[PDB]
Every structure is written in structure tokens, then in C-alpha cells.
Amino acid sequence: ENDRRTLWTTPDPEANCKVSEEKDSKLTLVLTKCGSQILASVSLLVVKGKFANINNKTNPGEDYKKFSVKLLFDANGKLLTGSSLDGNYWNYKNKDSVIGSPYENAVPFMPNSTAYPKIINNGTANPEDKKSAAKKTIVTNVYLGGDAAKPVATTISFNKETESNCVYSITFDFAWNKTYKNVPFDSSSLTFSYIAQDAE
């Protein structure tokens, strides 16, 4: 009904995500359709590993101050193995859980091919043929422990990845310059939208 309009991890998932090692994080992502767009809410709590309690005082160095989460999808919109997120509880909504069986098609939840092409190349491109790099991209912040003093630079990129010969993709890139001393990666929630691929 309204539930085929939503695809999510669950509102309160079990560990379902690899940031650093297997199942070290809980990603709550809900994708909903309002017509031609997807309306999305995301959140990330990391419960163990390299980012469960950041200390950039005792661990400075690029690799302790950034990471990314990738949703990779095949032609029908099925999650592919190379993904950060586990498929077990990624499915269509049902009264606060997921449908019994794993889904066959979710093309209408995928970021548009046309608005978000895989590669743009404006080296030798005439101006009227030029495409937008930036357009595939939402740049905002989230906040550790929902504290304004603790921003984390968030980039959401559509159809950026090539991993696993995927045809669609949602990437969440996270980075910070503050040197956070003993702060869990526990994010505020973030609203975002993108243009949906057309079914059939």
C-alpha cells in the first residue's frame, strides 16, 4: 500500500553495516517515493572498531578522520556483495519491519541514470553538451552526539561507484578536521532527496 512506497533497513536495525570491520555499525536509511523524487532520512551509529570512540589526539592520520559507506545496486536495484550495508534486513516496509521474502525489483528507488550519469567528462565537451559533476552530490554536515560543536563533513553521491560492476549507487562520505578526543561516531539525522529512476 504505502509500504511499497518505502524501502528501509528498519527504523531500529541490528548491526547491519561495515565501516571498518564486518557489522561494526548500524545504518538506519529510509527511502520513500513522493512522485518523481526519493525522500530519504539516514543515520549512522558505529558500535565497535576504528570509529566507535574517535580519538584523533592518540590517532591522528587521514584514515582515522574519514570513512565512507556504499550502497551498490544491479540493474533491478538489488544490493550487490561489495556493499557496506548487509542485505538481510534491507527490504520493503511492513508495519515497522520488512516483507517476509527478499525483493525482486526496486529500480524505482534508484538514483536517475540521466540526472546522475556514472562518469562526466567536460575536457573537450562543447558548452551545450556539458554535464554537471556537482549535481550527483549533496554536501552538508552531521553532528556527533547531536552537538553543534562536533560537525562531520558529509557528502552523499549518486551513481559514483563502479565496484562490483554496479549500475546504481548511494555513497555516504564522512570526514572531519576537528581532532575529536573520545567521541563515538553517533550521528544526527539528515534529510535529503534525489530524482528517481523511471520504472519499466
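Don't overthink the numbering: it's just position in the shown sequence, from 1.
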Hey, which bit's got the bigger mean C-alpha B factor in the entry, 161-169 or 57-65? 57-65
Looking only at C-alpha temperature factors in the entry, 8-16 or 176-184, the higher average sits in 176-184
Can you pull the Cα B-factors for 36, 132, 141, 43 from the entry and say which is highest? 36
Quick one: classify residue 111 as lowest, middle or highest third of the chain based on its Cα B-factor. lowest
Report the third (lowest, middle or highest) to which the CA temperature factor of residue 197 belongs, ranking only the modelled residues of the same chain. middle
Taking the chain's C-alpha temperature factors as the reference, tell me which third residue 136 falls into: lowest, middle or highest. lowest
Taking only the Cα B-factors deposited for this chain, tell me whether residue 47 sits in the lowest, middle or highest third. middle
Please place residue 84 in the lowest, middle or highest third of its chain by C-alpha B factor as given in the entry. lowest
